[PDB]
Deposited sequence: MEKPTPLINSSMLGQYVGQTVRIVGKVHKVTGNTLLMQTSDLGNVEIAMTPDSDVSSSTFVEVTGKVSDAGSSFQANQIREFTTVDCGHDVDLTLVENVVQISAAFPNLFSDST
């Protein structure tokens, strides 16, 4: 059936507790299996990362996850790489907002 997976920034977390979301960030710090992300929202999100994750040595990232019951933390389902070792985060913020404005194209 595949539920649409919303593309979100840091402040949409609340609306999707328990759900699978999709989220794009600049990676800040990697403490063991925890990742610190910069949102397009300019807010920050905490992501509980899969054992097999070499995310550290990468810049922008796209996490498909589960919002967890707290308000702002995250189980990683899958993770996509971007940058280099120049994603436009302002564009992303806008794609987030416009996708939110058009459920008929981006959802049920």
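**Q** Missing CA coverage against the deposited sequence, listed in sequence order.
**A** Those parts of the chain that were deposited but carry no coordinates are 86-89, 113-114.
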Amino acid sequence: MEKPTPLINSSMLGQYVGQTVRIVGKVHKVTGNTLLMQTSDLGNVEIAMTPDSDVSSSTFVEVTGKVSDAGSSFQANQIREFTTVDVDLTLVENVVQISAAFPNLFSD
From here on, numbers count along this sequence of modelled residues.
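**Q** Would you mind comparing 26-34 and 61-69 for me and telling me which has the higher average C-alpha temperature factor in the entry?
**A** If you average the C-alpha B-factors of 26-34 and of 61-69, the larger mean comes out for 26-34.
**Q** Per the coordinate record, which of the options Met1, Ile8, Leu105, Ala101 holds the highest CA temperature factor?
**A** Each of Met1, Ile8, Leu105, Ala101 was compared by C-alpha B-factor; the highest is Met1.
**Q** Per the entry's values, where does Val95 land by CA temperature factor relative to the rest of its chain, in the lowest, middle or highest third?
**A** Lowest third.
**Q** In terms of the CA temperature factor given in the entry, to which third of its chain does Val87 belong: lowest, middle or highest?
**A** CA B-factor rank for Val87: middle third.
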